[PDB]
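In what follows, a structure is listed as structure tokens, so that the remarks can point back to it.
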There are 6 protein chains.
Amino acid sequence: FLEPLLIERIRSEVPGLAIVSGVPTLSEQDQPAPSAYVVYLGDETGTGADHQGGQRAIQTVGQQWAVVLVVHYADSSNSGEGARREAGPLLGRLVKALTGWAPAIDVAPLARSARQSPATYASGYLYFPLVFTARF
Amino acid sequence: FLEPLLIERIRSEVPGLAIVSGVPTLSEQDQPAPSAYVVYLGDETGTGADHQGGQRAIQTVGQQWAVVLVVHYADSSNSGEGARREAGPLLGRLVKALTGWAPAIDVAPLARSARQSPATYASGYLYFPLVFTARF
Amino acid sequence: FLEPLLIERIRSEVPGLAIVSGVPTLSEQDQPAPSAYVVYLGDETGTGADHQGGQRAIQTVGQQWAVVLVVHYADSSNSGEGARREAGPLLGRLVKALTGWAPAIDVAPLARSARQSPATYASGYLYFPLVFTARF
Amino acid sequence: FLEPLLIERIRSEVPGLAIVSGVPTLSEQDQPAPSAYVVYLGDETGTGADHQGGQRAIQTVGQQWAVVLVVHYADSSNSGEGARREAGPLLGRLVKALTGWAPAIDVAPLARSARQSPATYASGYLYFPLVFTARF
Amino acid sequence: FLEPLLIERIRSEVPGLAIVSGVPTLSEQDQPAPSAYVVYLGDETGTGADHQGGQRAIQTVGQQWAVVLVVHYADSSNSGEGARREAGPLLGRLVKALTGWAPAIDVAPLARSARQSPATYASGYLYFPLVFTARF
Amino acid sequence: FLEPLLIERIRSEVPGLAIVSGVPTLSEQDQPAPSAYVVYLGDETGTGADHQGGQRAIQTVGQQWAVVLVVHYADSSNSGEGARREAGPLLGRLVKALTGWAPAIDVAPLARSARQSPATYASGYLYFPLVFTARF
């Protein structure tokens, strides 16, 4: 219950052309700019372990959080050259800022996943079903 | 089955500009005032324990209850400065009045959660998936 | 399979102004009169116990049945004074007539719940998620 | 796989005024005649018992089948007098013809339920959630 | 992965009047001809047995497949005489051609069910919820 | 998280007449060309085994991926001659390129299924519910 203090800098208006898009199916044909395009998948819950405490019946609630990549630059049905090759550094930047960059945390792990996040394509332009953990 | 006696003062017409809004997705762009914006999540049920009694097959039914924060003041895609920093006292007020302030209760715990209620943002303005327990 | 014989008197046309309303979301703003406003929640089923018999594979089927309270008299966003305080006797009348007043019953318990039926408000006028058992 | 031979007489055009109604929510206000008004609930399945055989992986499949009663004669919001009191013989006729009257059956029990079939009212005119077994 | 070689003869344009109907609710009132009217129910899956192998994590997947009978000849709300009595040979033909007539099969059982396939009527003209297995 | 490097060549614009079709129900009557027509089925997940590791709570996530075949050439309600007989080599090409052709993979098995992928027809022209594994 303290993430906003760092979320403020986590979010930095990634797209320069998209304005008031309310970003978080994709168009892939008329998007003004390659915005972050965050997505939500689900949640993780469990008890009967170190997560659960005493009063208030709360536990360390597992949280899910994913993103969608929209570049379509150098990849317009030609080949996957420049779609993720350029994203690599961008993917690292996104995964390091939006996740893994947490405030002073005691019971808020803010789990981050640098690797082991497979993504498969479809629709003929670009799909990226990212899989990351939040834990908070 | 006695909460209304204190609910009467729990609710005190938080918004001064919103009238007959039937508050309990959000707009985040044309809301007249920062109302309480309460939300409902689910329920908790269980038997075979101290909750269950004899006749009437009733038990201490776990109840879920959450809220949504809508301020968008000092936080208009600029930064999370003034969104929750000002809410902190307001969040405490809300969580202490709407929850944890119960009448003479014998089997109505009215559980309250001051901490351990994480919230994540999205849509580019403000999201707050509050997680609180009611137990009644 | 004999409840109608007493249901006939259970139902007595509670509202004097509402006519052919087909009562069993609520409006809370243009309702002519405070009708009973019965609601249905679900069912309870189980076997491998005294409920199950021999032939016909039938058992004492648990039945769920609830009501909604619509008074909005002395409680019009002012305070919860007169909403349930006046309902108390009315709630007892409803729960004693509609439930617990059964015909000659051998395997039809017709369970009734005088207490332990919590209700929470929302929408800014009145909500009452009653929880009662029927067992038949 | 032989029921039609007796279904032919099971069905005998109960309503005299309803024509091509395709009977199997109810109106309760403009129905020409009190038709049978059969309804379907679900199915029952199980293996690892005498139901399952050898080849073809088939078993004695439990089947669910219910009916809806629509009389609204002598019961028009007045009282439950003549709604089920007259139905009693009619209910027996329906449950004995539509169910329990099976052809030469070896693995087709065609279970019938004379009693233990509770029904609850609602909507202000008449409801009858009949519960019967078919087993085939 | 070889069924088409025999499916080619399995399907033989059963209806002579229905053209480009895309057959696999029914009308029962304006159908030009009594087509096969195949239907799909679900699937059967399982592991940890002889079905599962080594690589490719595949197993002998249970497959469900059913049909709907539409004759309405000699059975037009009169009686079930000629609806299934004439279908009997037709039902055998359908169940022997569409199922049980498989190519050279090693791990494709193509299960067939001659008997033990109950069907119940409704809607006042004809219903036939056939239950057959495919296993492939 | 490296598949695109080979996906780039996996996808090679199979249809020559279909342009900007956004391929991944089918029409089967006005399709310009026999495109790949990939489909998605679901996912496979599991823990408590060699899949799960230490930090990041990730595991070798099972992935599902299937295709739909649309040829309708030499098979136009005549017979299944030329529908899959010609597809055989095409099916092998598709299953070898789109699957089983993976980059340098350490924890990305990219499972491929040459056989044991049954497909059943329906709708009167062509259906092919392919079943393949991706594991990544």
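For the structure tokens, the naming scheme is as follows: chains receive sequential letters (A, B, ...) according to their order of presentation, residues are indexed from 1 within each chain, and ligands are indexed from 1 in presentation order.
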### Message
Can you pull out every residue from range 31-94 of chain C that DSSP, working from the backbone, puts in strand (DSSP E or B), and format the result as number ranges by chain?
### Response
C: 38-39, 43-44, 62-67
Within 12 Å of range 87-98 of chain A using only C-alpha atoms, minus same-chain residues under 2 positions, as an mmCIF file with N, CA and C atoms, in the first residue's frame:
data_model
loop_
_atom_site.group_PDB
_atom_site.id
_atom_site.type_symbol
_atom_site.label_atom_id
_atom_site.label_comp_id
_atom_site.auth_asym_id
_atom_site.auth_seq_id
_atom_site.Cartn_x
_atom_site.Cartn_y
_atom_site.Cartn_z
ATOM 1 N N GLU A 3 2.990 1.673 -3.273
ATOM 2 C CA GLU A 3 3.582 1.696 -4.608
ATOM 3 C C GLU A 3 3.491 3.049 -5.306
ATOM 4 N N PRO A 4 2.394 3.808 -5.210
ATOM 5 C CA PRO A 4 2.310 5.071 -5.968
ATOM 6 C C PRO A 4 3.549 5.945 -5.866
ATOM 7 N N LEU A 6 6.561 5.348 -6.053
ATOM 8 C CA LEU A 6 7.481 5.033 -7.139
ATOM 9 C C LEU A 6 6.780 4.856 -8.476
ATOM 10 N N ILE A 7 5.486 4.530 -8.472
ATOM 11 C CA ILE A 7 4.738 4.466 -9.723
ATOM 12 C C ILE A 7 4.795 5.811 -10.432
ATOM 13 N N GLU A 8 4.816 6.897 -9.656
ATOM 14 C CA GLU A 8 4.841 8.246 -10.207
ATOM 15 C C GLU A 8 5.949 8.393 -11.241
ATOM 16 N N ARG A 9 7.135 7.861 -10.942
ATOM 17 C CA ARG A 9 8.236 7.869 -11.896
ATOM 18 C C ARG A 9 8.247 6.644 -12.795
ATOM 19 N N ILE A 10 7.620 5.544 -12.374
ATOM 20 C CA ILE A 10 7.502 4.382 -13.249
ATOM 21 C C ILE A 10 6.844 4.789 -14.558
ATOM 22 N N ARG A 11 5.745 5.531 -14.466
ATOM 23 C CA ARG A 11 5.040 6.003 -15.650
ATOM 24 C C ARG A 11 5.606 7.355 -16.064
ATOM 25 N N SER A 12 5.984 7.473 -17.341
ATOM 26 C CA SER A 12 6.626 8.685 -17.837
ATOM 27 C C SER A 12 6.139 9.059 -19.233
ATOM 28 N N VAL A 14 5.167 7.277 -22.117
ATOM 29 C CA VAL A 14 6.004 6.639 -23.135
ATOM 30 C C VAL A 14 5.688 7.146 -24.538
ATOM 31 N N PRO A 34 4.082 3.772 -30.578
ATOM 32 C CA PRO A 34 4.265 2.514 -29.824
ATOM 33 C C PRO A 34 4.209 2.720 -28.312
ATOM 34 N N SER A 35 2.988 2.758 -27.785
ATOM 35 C CA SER A 35 2.789 2.972 -26.360
ATOM 36 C C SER A 35 3.160 1.711 -25.581
ATOM 37 N N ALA A 36 3.175 1.839 -24.252
ATOM 38 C CA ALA A 36 3.532 0.707 -23.402
ATOM 39 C C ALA A 36 2.560 -0.450 -23.595
ATOM 40 N N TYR A 37 1.262 -0.152 -23.629
ATOM 41 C CA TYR A 37 0.223 -1.155 -23.861
ATOM 42 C C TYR A 37 0.296 -2.268 -22.812
ATOM 43 N N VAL A 38 0.064 -1.867 -21.564
ATOM 44 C CA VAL A 38 0.027 -2.796 -20.442
ATOM 45 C C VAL A 38 -1.282 -3.574 -20.474
ATOM 46 N N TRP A 65 0.587 -9.356 -13.749
ATOM 47 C CA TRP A 65 0.692 -8.119 -14.511
ATOM 48 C C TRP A 65 1.511 -8.400 -15.760
ATOM 49 N N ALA A 66 0.996 -7.986 -16.915
ATOM 50 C CA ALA A 66 1.642 -8.253 -18.191
ATOM 51 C C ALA A 66 1.561 -7.010 -19.065
ATOM 52 N N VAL A 67 2.247 -7.068 -20.208
ATOM 53 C CA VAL A 67 2.319 -5.952 -21.140
ATOM 54 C C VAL A 67 2.138 -6.480 -22.558
ATOM 55 N N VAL A 68 1.780 -5.572 -23.462
ATOM 56 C CA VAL A 68 1.648 -5.865 -24.884
ATOM 57 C C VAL A 68 2.589 -4.940 -25.640
ATOM 58 N N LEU A 69 3.319 -5.495 -26.602
ATOM 59 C CA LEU A 69 4.281 -4.738 -27.391
ATOM 60 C C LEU A 69 3.668 -4.369 -28.736
ATOM 61 N N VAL A 70 3.736 -3.084 -29.071
ATOM 62 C CA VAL A 70 3.196 -2.560 -30.318
ATOM 63 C C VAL A 70 4.238 -1.648 -30.947
ATOM 64 N N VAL A 71 4.996 -2.185 -31.903
ATOM 65 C CA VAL A 71 6.030 -1.410 -32.580
ATOM 66 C C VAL A 71 5.694 -1.290 -34.063
ATOM 67 N N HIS A 72 5.458 -2.428 -34.719
ATOM 68 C CA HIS A 72 5.159 -2.462 -36.147
ATOM 69 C C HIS A 72 6.072 -1.535 -36.940
ATOM 70 N N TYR A 73 7.338 -1.443 -36.537
ATOM 71 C CA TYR A 73 8.334 -0.644 -37.241
ATOM 72 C C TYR A 73 9.451 -1.583 -37.673
ATOM 73 N N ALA A 74 9.698 -1.646 -38.979
ATOM 74 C CA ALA A 74 10.578 -2.612 -39.628
ATOM 75 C C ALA A 74 9.954 -4.001 -39.652
ATOM 76 N N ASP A 75 8.729 -4.162 -39.144
ATOM 77 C CA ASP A 75 8.012 -5.440 -39.153
ATOM 78 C C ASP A 75 6.571 -5.122 -39.545
ATOM 79 N N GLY A 80 10.276 -10.625 -38.815
ATOM 80 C CA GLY A 80 10.499 -10.230 -37.439
ATOM 81 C C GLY A 80 11.894 -9.687 -37.204
ATOM 82 N N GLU A 81 12.281 -8.681 -37.985
ATOM 83 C CA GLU A 81 13.585 -8.031 -37.873
ATOM 84 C C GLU A 81 13.332 -6.575 -37.497
ATOM 85 N N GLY A 82 13.690 -6.211 -36.269
ATOM 86 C CA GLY A 82 13.422 -4.892 -35.733
ATOM 87 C C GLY A 82 12.210 -4.828 -34.833
ATOM 88 N N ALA A 83 11.380 -5.872 -34.811
ATOM 89 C CA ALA A 83 10.226 -5.893 -33.919
ATOM 90 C C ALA A 83 10.659 -6.137 -32.477
ATOM 91 N N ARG A 84 11.323 -7.266 -32.224
ATOM 92 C CA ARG A 84 11.842 -7.562 -30.896
ATOM 93 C C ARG A 84 13.338 -7.311 -30.765
ATOM 94 N N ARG A 85 14.085 -7.313 -31.871
ATOM 95 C CA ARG A 85 15.510 -7.016 -31.783
ATOM 96 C C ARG A 85 15.736 -5.629 -31.199
ATOM 97 N N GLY A 100 10.161 -4.484 -10.504
ATOM 98 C CA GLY A 100 11.467 -4.598 -9.895
ATOM 99 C C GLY A 100 12.031 -3.306 -9.350
ATOM 100 N N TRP A 101 11.372 -2.177 -9.588
ATOM 101 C CA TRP A 101 11.777 -0.879 -9.053
ATOM 102 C C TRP A 101 10.710 -0.476 -8.040
ATOM 103 N N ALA A 102 10.884 -0.927 -6.807
ATOM 104 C CA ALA A 102 9.899 -0.765 -5.754
ATOM 105 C C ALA A 102 10.411 0.160 -4.657
ATOM 106 N N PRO A 103 9.508 0.777 -3.891
ATOM 107 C CA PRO A 103 9.942 1.596 -2.751
ATOM 108 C C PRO A 103 10.459 0.739 -1.608
ATOM 109 N N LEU A 110 7.319 -7.289 -4.836
ATOM 110 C CA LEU A 110 7.364 -6.699 -6.171
ATOM 111 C C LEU A 110 8.268 -7.528 -7.085
ATOM 112 N N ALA A 111 7.861 -8.780 -7.281
ATOM 113 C CA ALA A 111 8.657 -9.712 -8.064
ATOM 114 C C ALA A 111 8.817 -9.216 -9.494
ATOM 115 N N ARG A 112 9.991 -9.469 -10.067
ATOM 116 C CA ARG A 112 10.308 -9.074 -11.430
ATOM 117 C C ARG A 112 10.881 -10.267 -12.179
ATOM 118 N N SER A 113 10.582 -10.334 -13.476
ATOM 119 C CA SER A 113 11.000 -11.445 -14.325
ATOM 120 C C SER A 113 11.754 -10.892 -15.527
ATOM 121 N N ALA A 114 13.085 -10.989 -15.492
ATOM 122 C CA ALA A 114 13.897 -10.545 -16.620
ATOM 123 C C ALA A 114 13.815 -11.518 -17.790
ATOM 124 N N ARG A 115 13.862 -12.817 -17.512
ATOM 125 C CA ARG A 115 13.797 -13.865 -18.523
ATOM 126 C C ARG A 115 12.589 -14.759 -18.255
ATOM 127 N N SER A 117 9.914 -15.410 -20.021
ATOM 128 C CA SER A 117 8.634 -14.774 -20.332
ATOM 129 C C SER A 117 8.357 -14.963 -21.817
ATOM 130 N N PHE A 128 2.183 -10.395 -28.419
ATOM 131 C CA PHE A 128 3.177 -10.578 -27.362
ATOM 132 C C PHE A 128 2.457 -10.801 -26.041
ATOM 133 N N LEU A 130 2.923 -11.312 -22.819
ATOM 134 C CA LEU A 130 3.935 -11.266 -21.774
ATOM 135 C C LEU A 130 3.398 -11.871 -20.481
ATOM 136 N N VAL A 131 4.296 -12.498 -19.724
ATOM 137 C CA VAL A 131 3.957 -13.162 -18.470
ATOM 138 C C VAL A 131 4.942 -12.664 -17.419
ATOM 139 N N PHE A 132 4.477 -11.795 -16.525
ATOM 140 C CA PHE A 132 5.289 -11.272 -15.437
ATOM 141 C C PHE A 132 4.506 -11.341 -14.135
ATOM 142 N N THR A 133 5.240 -11.384 -13.028
ATOM 143 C CA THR A 133 4.658 -11.425 -11.696
ATOM 144 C C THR A 133 4.799 -10.066 -11.022
ATOM 145 N N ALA A 134 3.848 -9.759 -10.147
ATOM 146 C CA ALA A 134 3.849 -8.517 -9.384
ATOM 147 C C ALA A 134 3.894 -8.741 -7.882
ATOM 148 N N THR B 120 -2.952 -1.186 -7.393
ATOM 149 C CA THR B 120 -2.178 -0.974 -8.607
ATOM 150 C C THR B 120 -2.938 -0.052 -9.552
ATOM 151 N N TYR B 121 -2.191 0.745 -10.309
ATOM 152 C CA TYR B 121 -2.766 1.732 -11.210
ATOM 153 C C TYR B 121 -2.952 1.149 -12.609
ATOM 154 N N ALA B 122 -3.749 1.848 -13.414
ATOM 155 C CA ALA B 122 -3.914 1.533 -14.829
ATOM 156 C C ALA B 122 -4.861 2.562 -15.434
ATOM 157 N N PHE F 1 11.701 -16.682 -24.678
ATOM 158 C CA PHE F 1 11.667 -15.262 -25.000
ATOM 159 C C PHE F 1 12.662 -14.939 -26.110
ATOM 160 N N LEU F 2 12.731 -15.819 -27.110
ATOM 161 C CA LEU F 2 13.601 -15.603 -28.256
ATOM 162 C C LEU F 2 13.008 -16.140 -29.554
ATOM 163 N N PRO F 4 10.858 -15.019 -31.832
ATOM 164 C CA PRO F 4 10.755 -14.181 -33.042
ATOM 165 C C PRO F 4 11.897 -14.365 -34.028
ATOM 166 N N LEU F 5 13.117 -14.597 -33.534
ATOM 167 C CA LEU F 5 14.274 -14.715 -34.415
ATOM 168 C C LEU F 5 14.072 -15.792 -35.473
#
Once chain F has been least-squares superposed onto chain A, matching all their Cα atoms in order, can you return it as a compact mmCIF listing (two decimals) with C-alpha atoms, in the first residue's frame?
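The file below, result-v5.txt, is the result:
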# COMPACT_ATOMS: atom_id res chain seq x y z
CA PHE F 1 0.00 0.00 0.00
CA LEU F 2 2.82 2.37 -0.92
CA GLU F 3 3.58 1.70 -4.61
CA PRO F 4 2.31 5.07 -5.97
CA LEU F 5 5.37 6.83 -4.51
CA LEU F 6 7.48 5.03 -7.14
CA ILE F 7 4.74 4.47 -9.72
CA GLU F 8 4.84 8.25 -10.21
CA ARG F 9 8.24 7.87 -11.90
CA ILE F 10 7.50 4.38 -13.25
CA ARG F 11 5.04 6.00 -15.65
CA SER F 12 6.63 8.69 -17.84
CA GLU F 13 4.28 9.12 -20.84
CA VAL F 14 6.00 6.64 -23.13
CA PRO F 15 4.16 7.62 -26.36
CA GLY F 16 4.85 11.05 -27.83
CA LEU F 17 2.01 11.01 -30.37
CA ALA F 18 -0.69 9.13 -28.46
CA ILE F 19 -2.66 11.54 -26.27
CA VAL F 20 -5.44 10.55 -23.85
CA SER F 21 -5.58 7.02 -25.25
CA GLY F 22 -6.53 5.28 -21.99
CA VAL F 23 -4.17 2.49 -22.99
CA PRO F 24 -4.31 0.02 -20.10
CA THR F 25 -8.00 -6.03 -28.88
CA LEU F 26 -5.19 -3.91 -30.29
CA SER F 27 -5.62 -2.28 -33.69
CA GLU F 28 -2.12 -2.89 -35.15
CA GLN F 29 -3.12 -0.73 -38.16
CA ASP F 30 -3.80 2.85 -36.98
CA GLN F 31 -1.95 3.21 -33.67
CA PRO F 32 -0.29 6.67 -33.56
CA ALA F 33 2.77 5.60 -31.55
CA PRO F 34 4.27 2.51 -29.82
CA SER F 35 2.79 2.97 -26.36
CA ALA F 36 3.53 0.71 -23.40
CA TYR F 37 0.22 -1.15 -23.86
CA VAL F 38 0.03 -2.80 -20.44
CA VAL F 39 -2.41 -5.68 -19.92
CA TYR F 40 -3.89 -7.51 -16.93
CA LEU F 41 -4.06 -11.30 -16.65
CA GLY F 42 -5.22 -12.37 -13.19
CA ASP F 43 -4.24 -12.86 -9.55
CA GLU F 44 -2.52 -15.36 -7.25
CA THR F 45 -3.84 -16.19 -3.79
CA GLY F 46 -2.87 -18.62 -1.04
CA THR F 47 -2.97 -19.20 2.72
CA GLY F 48 -1.68 -21.67 5.28
CA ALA F 49 1.93 -20.51 4.94
CA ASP F 50 4.25 -17.63 5.81
CA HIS F 51 2.03 -15.38 3.68
CA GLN F 52 -0.85 -15.52 6.16
CA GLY F 53 -0.51 -13.66 9.45
CA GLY F 54 -2.70 -13.25 12.52
CA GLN F 55 -5.42 -10.61 12.67
CA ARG F 56 -7.04 -9.15 9.51
CA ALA F 57 -6.79 -12.55 7.73
CA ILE F 58 -4.53 -11.00 5.08
CA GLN F 59 -1.65 -12.71 3.30
CA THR F 60 1.05 -11.86 0.77
CA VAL F 61 -1.28 -11.79 -2.22
CA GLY F 62 0.24 -12.88 -5.51
CA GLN F 63 -0.46 -10.38 -8.27
CA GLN F 64 -0.26 -10.83 -12.04
CA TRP F 65 0.69 -8.12 -14.51
CA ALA F 66 1.64 -8.25 -18.19
CA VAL F 67 2.32 -5.95 -21.14
CA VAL F 68 1.65 -5.86 -24.88
CA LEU F 69 4.28 -4.74 -27.39
CA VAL F 70 3.20 -2.56 -30.32
CA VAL F 71 6.03 -1.41 -32.58
CA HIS F 72 5.16 -2.46 -36.15
CA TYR F 73 8.33 -0.64 -37.24
CA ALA F 74 10.58 -2.61 -39.63
CA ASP F 75 8.01 -5.44 -39.15
CA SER F 76 5.00 -4.83 -41.41
CA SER F 77 4.43 -8.42 -42.61
CA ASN F 78 8.02 -8.45 -43.94
CA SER F 79 9.91 -10.28 -41.18
CA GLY F 80 10.50 -10.23 -37.44
CA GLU F 81 13.58 -8.03 -37.87
CA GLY F 82 13.42 -4.89 -35.73
CA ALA F 83 10.23 -5.89 -33.92
CA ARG F 84 11.84 -7.56 -30.90
CA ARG F 85 15.51 -7.02 -31.78
CA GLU F 86 15.02 -3.32 -31.05
CA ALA F 87 12.57 -4.15 -28.25
CA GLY F 88 15.19 -6.10 -26.28
CA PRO F 89 16.65 -3.00 -24.65
CA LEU F 90 13.13 -1.54 -24.53
CA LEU F 91 11.81 -4.74 -22.94
CA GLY F 92 14.55 -4.56 -20.31
CA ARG F 93 13.76 -0.91 -19.64
CA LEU F 94 10.05 -1.66 -19.27
CA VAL F 95 10.56 -4.70 -17.04
CA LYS F 96 13.08 -2.86 -14.84
CA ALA F 97 11.04 0.32 -14.40
CA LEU F 98 7.45 -0.92 -14.29
CA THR F 99 8.57 -3.94 -12.24
CA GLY F 100 11.47 -4.60 -9.90
CA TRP F 101 11.78 -0.88 -9.05
CA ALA F 102 9.90 -0.76 -5.75
CA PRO F 103 9.94 1.60 -2.75
CA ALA F 104 11.10 0.59 0.72
CA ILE F 105 9.25 -2.75 0.87
CA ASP F 106 8.89 -5.13 3.82
CA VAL F 107 6.02 -7.43 2.78
CA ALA F 108 5.78 -6.18 -0.82
CA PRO F 109 8.26 -8.28 -2.81
CA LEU F 110 7.36 -6.70 -6.17
CA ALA F 111 8.66 -9.71 -8.06
CA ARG F 112 10.31 -9.07 -11.43
CA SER F 113 11.00 -11.45 -14.33
CA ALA F 114 13.90 -10.54 -16.62
CA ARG F 115 13.80 -13.87 -18.52
CA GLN F 116 11.47 -16.87 -18.83
CA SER F 117 8.63 -14.77 -20.33
CA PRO F 118 7.73 -16.43 -23.65
CA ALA F 119 5.62 -14.64 -26.24
CA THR F 120 3.90 -15.99 -29.36
CA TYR F 121 2.75 -14.09 -32.45
CA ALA F 122 -0.57 -14.09 -34.30
CA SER F 123 -2.97 -11.96 -36.39
CA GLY F 124 -0.23 -11.48 -38.99
CA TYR F 125 1.39 -8.34 -37.57
CA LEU F 126 2.45 -8.77 -33.91
CA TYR F 127 1.32 -10.44 -30.67
CA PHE F 128 3.18 -10.58 -27.36
CA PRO F 129 1.46 -12.36 -24.43
CA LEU F 130 3.93 -11.27 -21.77
CA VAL F 131 3.96 -13.16 -18.47
CA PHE F 132 5.29 -11.27 -15.44
CA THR F 133 4.66 -11.42 -11.70
CA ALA F 134 3.85 -8.52 -9.38
CA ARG F 135 3.17 -10.11 -5.96
CA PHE F 136 1.66 -6.81 -4.78
### Task
Just list the residues in chain E DSSP gives helix (DSSP H, G or I) on the backbone, as number ranges by chain.
E: 4-10, 55-57, 87-97
